[PDB]
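All remarks here apply to the structure that follows.
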2 protein chains.
Amino acid sequence: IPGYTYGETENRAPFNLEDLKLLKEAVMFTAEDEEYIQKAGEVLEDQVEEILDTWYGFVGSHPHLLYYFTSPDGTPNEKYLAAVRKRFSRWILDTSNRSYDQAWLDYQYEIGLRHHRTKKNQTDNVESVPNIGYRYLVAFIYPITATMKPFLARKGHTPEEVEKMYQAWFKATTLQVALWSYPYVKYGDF
Amino acid sequence: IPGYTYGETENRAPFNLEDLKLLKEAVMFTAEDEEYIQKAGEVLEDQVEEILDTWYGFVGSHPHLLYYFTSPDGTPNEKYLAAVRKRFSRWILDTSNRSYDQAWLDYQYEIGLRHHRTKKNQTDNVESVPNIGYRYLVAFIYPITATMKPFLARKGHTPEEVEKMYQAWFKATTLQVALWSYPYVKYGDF
Ligand code: HEM
Ligand code: HEM
C-alpha cells in the first residue's frame, strides 16, 4: 500500500503508553472494548468497499470538505483520492486488529502530521491545500461513527451486540482524533 | 448564575454563522436534529441534579481528571467545583434550548477560553491548574454522550425517539468541542 508506513515511521510519537492509558480512561475504553472492536472488524471486513463508497460519498457531497483533496484549480485530485483511499481502508482494519501499543501510537502521530500542514500532500507528492482545518477533524468523529453504524447490523447480530461494537468504534475514533490534535495544538497546550 | 455571561461576552467569536453552517454539515446536523435536541432538553430538564452527580462522579473518580479542579497543593477546590457545576448545569439546557446563532457562537468562544490557559480560573477567581490539555476536551466527547444516554430514555419515549435525541446530543457535543479548539490550535491551523 503506497505511503503506508505503520510500524516503520521515521519518528517515535511524543506520547507513550502512560499517556495512552490516561486517555483510554477519559474515553471509557476498556478490555471489553478491545474485544468488541475486534468483533466490529470481523463484521466490517468483507463490507469495506461499500464502506469506502459511503465514506467518500459523504466527503464528496460537500464542496468545503472535498476541498481538502482538490488541485489548485478547485477540482478533485483523483490520484490523491485513490491513494489515500487505500490507506483509509487499511486504517479500518488497523483500528480493529492492531494492539494499541507504542507502534500504534507512533502511527497515530504520523496520521495527525499528515492531516496537518507538517506533512500533508507529502506522502503522495501532490499539489493540494496545505492544511485541513482542525475544526473538521473533530467534526468528523460523528460521521465516521454514523457511517459504520449501518454496516455493523448487517451480519446479523442482536441490537445489544451491535450497540457494543458501535460504542467501541465511537470510543476508538475519539481517542485517535484526540491524539491527532498534537501537531495542531500550541506547544504545551496538548 | 455567577460567571455565566451568555449574550453578554466581552468579544465577538472569530467564527461566524457561515462557519457554523459548514461545521453543522460536517457533523450531519440538520433541521431534524433541532427538533430532537429541543426534545432532549425537555426530557433532561427534570434530571439535571442526577446528571451532574453522574458527570462529576466520573470526573471525580479519576485522579488525572479531578486534577483540573485542584488547588496547587493537590486537593480538590470545592468552591471551584460547585461554581462551575452551576454553569455546566445551564449548558445542558443551553444546548437543548438556545438557537445556535451568533450569540451562541460567541458563548462557544468563551467556553473554549475558559478551558484553555487564556481564561481558566478567572471566572471564579480561583487558583488551580493553568490549562486543561486539549487531548481531554476531545476525549470527553465520549463520556458526555454516554452520560446523557440513560437519562434520555427515562421519560418513556420510543427507542427510535431516544436514539434520535442521543444522536442529536452526540452531534451537538461534537460541534461544540470543535469550536472550543480555537484558543488551543496554532494560529491559522483551525
Ligand atoms: C474522524 C476523523 C478522521 C479520520 C478517522 C480520518 C482518516 C484518515 C486516514 C486513515 C487517512 C490515511 C492515513 C495514512 O496516511 O495512513 C487520512 C488521510 C487524509 N484525510 Fe482523513 N480522517 C479524518 C478527518 C479528515 C477530514 C476532516 C478531512 C477533510 C476532508 C480528511 C481528509 C483527508 C485527507 C485530504 C488525507 C490525505 C492527507 C495527506 O496528504 O497525507 N480527513 N484520513
Ligand atoms: C465534551 C467536553 C467538555 C464539555 C462539554 C465541558 C463542559 C463544560 C462547561 C459547560 C463549562 C462551564 C462553561 C461556562 O463557564 O459557562 C466547563 C468548564 C470547565 N470544565 Fe469542562 N467541558 C468539557 C471538557 C472538559 C475536560 C476534559 C475537563 C477536565 C477535567 C473539564 C473541566 C472543566 C473545568 C476545570 C472548567 C472551569 C474552567 C474555568 O476555570 O472557567 N472540562 N466545562
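Hydrogens, waters and symmetry mates are skipped; everything else that's a heavy atom, side chains included, is used. Order of appearance sets the numbers: ligands from 1, and atoms from 1 within every ligand. All chains are named by letter (A, B, ...) in the order of the sequence lines, taking the proteins before the strands, and each is independently numbered beginning at 1.
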*Between the side chain of A:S89 and the main-chain N/O of A:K86, is any donor-acceptor distance below 3.5 Å?*
no
*Candidates B:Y68, B:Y56, B:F69 - the one meeting ring-ring contact (aromatic ring centres under 6.0 Å, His included) with B:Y80*: B:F69
*Any idea which protein heavy atom is nearest atom 13 (C) of ligand 1, and the distance to it?*
A:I111 CG1, 3.9 Å
*What protein heavy atom sits nearest atom 9 (C) of ligand 2, and how far away is it?*
B:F88 CD1, 3.8 Å
*Does an N or O anywhere in B:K119 fall below 3.5 Å from an N or O of ligand 2?*
no
_On a heavy-atom basis, I'd like to know which of A:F140, A:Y142, A:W180 is closest to atom 4 (C) of ligand 1._
A:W180
_I'd like to know whether ligand 1 has A:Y67 as a neighbour, heavy-atom separation below 4.0 Å._
no
*Is it the side chain (CB and beyond), the backbone, both or neither of B:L65 that lies under 4.0 Å from ligand 2, heavy atoms counted?*
backbone
*Among all protein heavy atoms, pick out the one at the shortest distance from atom 36 (C) of ligand 2; state its residue, atom name and that distance to 0.1 Å.*
B:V84 CG1, 3.8 Å
_Interfacing atoms of ligand 2 (cut-off 4.0 Å, heavy-atom, B:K120)_ = 35 (C), 40 (O)
*In sequence, state the C-alpha distance, the side-chain angles, and the governing distance for B:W55 and B:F151, and then conclude on ring pair (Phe, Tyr, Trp, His ring centres under 6.0 Å).*
CA-CA 12 Å; B:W55 176 250; B:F151 296 105; over 10 Å; no
*asked:* Under a plain distance cut-off of 3.5 Å, with no hydrogens placed, do A:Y136 and A:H64 share a side-chain donor-acceptor pair?
replied: yes
*Which pair of non-hydrogen atoms, one from B:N121 and one from B:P130, has the smallest distance, and what is that distance?*
ND2-CA, 4.1 Å
*B:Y136 neighbourhood, listing ligand 2 atoms whose heavy-atom distance to it stays under 4.0 Å*: 27 (C)
*Per atom 29 (C) of ligand 1, closest listed option by heavy atom (A:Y134, A:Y68, A:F69, A:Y107)*: A:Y68
_I'd like to check which ligand 2 atoms, numbered from 1 as shown, lie under 4.0 Å from a non-hydrogen atom of B:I144._
1 (C)
*Examine distances only and state if a side-chain atom of A:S71 and a backbone atom of A:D73 form a donor-acceptor pair shorter than 3.5 Å.*
no
*Can we say A:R85 and A:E49 salt-bridge, meaning some charged N sits less than 4.0 Å from an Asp/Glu carboxylate O?*
yes
_Intermediate values then yes/no, salt bridge (charged side-chain N to carboxylate O under 4.0 Å, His left out), B:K39 and B:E35_ = CA-CA 6 Å; B:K39 194 170 266 171; B:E35 169 183 350; 5.2 Å; no
*Which atoms of ligand 2 sit under 4.0 Å from any heavy atom of B:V177?*
1 (C), 2 (C)
*A:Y6 six-ring face occupied by A:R98 cation (under 6.0 Å, within 45°)*: yes
*Go through ligand 1 atom by atom and flag the ones less than 4.0 Å from a non-hydrogen atom of A:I141.*
1 (C)
*asked:* Starting from B:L175, can I reach B:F88 by hopping between I/L/V/M/F/W/Y residues whose side chains sit under 4.5 Å apart?
replied: yes
*Less than 3.5 Å between some nitrogen or oxygen of A:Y80 and one of ligand 1, yes or no?*
yes
*Ignoring angles and geometry beyond distance, decide whether B:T123 reaches within less than 3.5 Å of ligand 2 through its nitrogen or oxygen atoms.*
no
*Give the ring-plane orientation class for A:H116 versus A:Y184, where under 30° counts as parallel, over 60° as perpendicular and anything between as tilted.*
perpendicular
*Using a strict 4.0 Å threshold on nitrogen-to-oxygen distance, state whether B:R154 and B:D46 make a salt bridge.*
no
_Over 12 non-hydrogen atoms of neighbours within 6.0 angstrom of OH in A:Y166_ = yes
*asked:* Can you name the atoms of ligand 2, numbered from 1 with element, that are less than 4.0 Å from a heavy atom of B:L137?
replied: 1 (C), 2 (C), 27 (C)
*Name the closest protein heavy atom to atom 12 (C) of ligand 2, giving the residue it belongs to and the distance to 0.1 Å.*
B:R87 CB, 3.9 Å
*Nearest to atom 41 (O) of ligand 1, what protein heavy atom do you find, and at what distance?*
A:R114 CB, 3.4 Å
*Sub-3.5 Å N/O-N/O distance, A:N121 and ligand 1*: yes
*What residue and atom, counting heavy atoms only, is the protein's closest point to atom 22 (N) of ligand 2, and at what distance?*
B:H115 NE2, 2.8 Å
*Examine A:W91 against ligand 1 and note whether any of their N/O atoms are separated by less than 3.5 Å.*
no
